[PDB]
Every structure is written in structure tokens, then in C-alpha cells.
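Residue-level listing of the chains:
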Amino acid sequence: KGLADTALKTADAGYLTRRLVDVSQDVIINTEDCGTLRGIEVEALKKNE
DNA sequence: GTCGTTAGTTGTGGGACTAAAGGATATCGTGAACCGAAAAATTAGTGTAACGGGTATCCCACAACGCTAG
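- cryo-EM is the method the PDB entry lists for this structure, together with a resolution of 2.88 Å.

Here you go:
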């Protein structure tokens, strides 16, 4: 079962990588500053407190 | 009672499925007969030798002196 999972569940990984590359291909650092006052709040990641 | 509307199925159709190497296959069934086309093979027919001068070239050999007297 482990060997079959290894031999059959990497096509899904390749498909995911292909779709991710094609959706993210055009994202390139083009300028230096986007002059934004917006952002995200980052805090510590706690699992089971 | 009857007709159009909306939402939630339900069946059906079209589109995805790592990367590297390699990369050999075998492939039925039959109806006749004559005419035309062109591609190929076979057959029928004609022939030199030295000479005159004069001159272009070649190979092949040799020469291209030295002394004495009027």
C-alpha cells in the first residue's frame, strides 16, 4: 500500500506544481515601492495554546 | 382552474491525470474479358594515304681564336 501510494500519488503533486507555476508565472518584482498603507497583521502561530 | 417562473435536482457531455530513459511489432475475403498505352529492342546504313613548298615548334650538338706582317 505504501509503495502504491508512492508510485501513484506523485502525478497529483506534478499537476499541482504545474497549475501553481502557471498561475504564478507572471508575478515578478517589477518596481521598488508600491506606496501602500495597507498590510497584514502577523502574530505567533499557536497550536493547542 | 390555468399558465409562466424559479430553484433544485438529474442525466449527459467535455476536459485534466510528474519528471529521466526507450521506441521491436502485423495487418483476410478475388469477377472476367478486351482495349489502349508507352516503354523497350531490334534492325539498317557508311569506310583513307601521301604528297609540293614553307614554316611553327621540339631535342641535340657545337661555338663564342690567337698570332704576325704591311
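Resuming the write-up.
**Description of the protein's contact with DNA strand B**
And then number 1: Close contacts around DNA strand B come from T10, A11, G14, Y15 and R18, and that covers them all.
And then number 2: Looking at DNA strand B alone, sugar and phosphate atoms form 47% of those within 4 Å of the protein.
And then number 3: One of the side-chain N or O atoms of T10 is found 3.1 Å from a base oxygen in DNA strand B.

**Notes on unusual backbone geometry**
The bulk of non-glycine residues show a negative phi, and the bulk of peptide bonds are trans.
And then number 1: Phi is positive for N48, which is not a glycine, with a value near 55°.
And then number 2: Even without being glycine, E49 reaches a positive phi, approximately 65°.
And then number 3: Counting through the fold element by element, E49 comes out in the segment after α2 (11-24).
And then number 4: The class of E49 is exposed, set by a relative accessible area of 84%.

What counts and how
The residue numbering used throughout counts from 1 along each chain in the order its sequence is written. It may not match the entry numbering, and residues with no coordinates are not shown. Ligands are numbered from 1 and chains lettered from A, in the order in which they are written. Within a larger assembly, only the chains shown are considered here, and all values are given for them alone. Hydrogens are left out, water is left out, and the side-chain values use all remaining heavy atoms of the structure. Proximity is defined per residue: if any heavy atom of the residue lies within 4 Å of a molecule or strand, that residue is considered near it. Pairs of N or O atoms are called polar contacts if they sit within 3.5 Å, as long as, within protein, a hydrogen donor faces a hydrogen acceptor (for residues adjacent in sequence, only side-chain-to-side-chain pairs). Per the convention used, a helix needs a DSSP run of H or I reaching at least four residues, while a strand needs a run of E reaching at least two, with both numbered from the N terminus. Burial here depends on accessible area, computed with a 1.4 Å probe over protein chains only, as a share of the maximum for the residue type. Under 20% is buried, over 50% is exposed, and the range in between is partly exposed.

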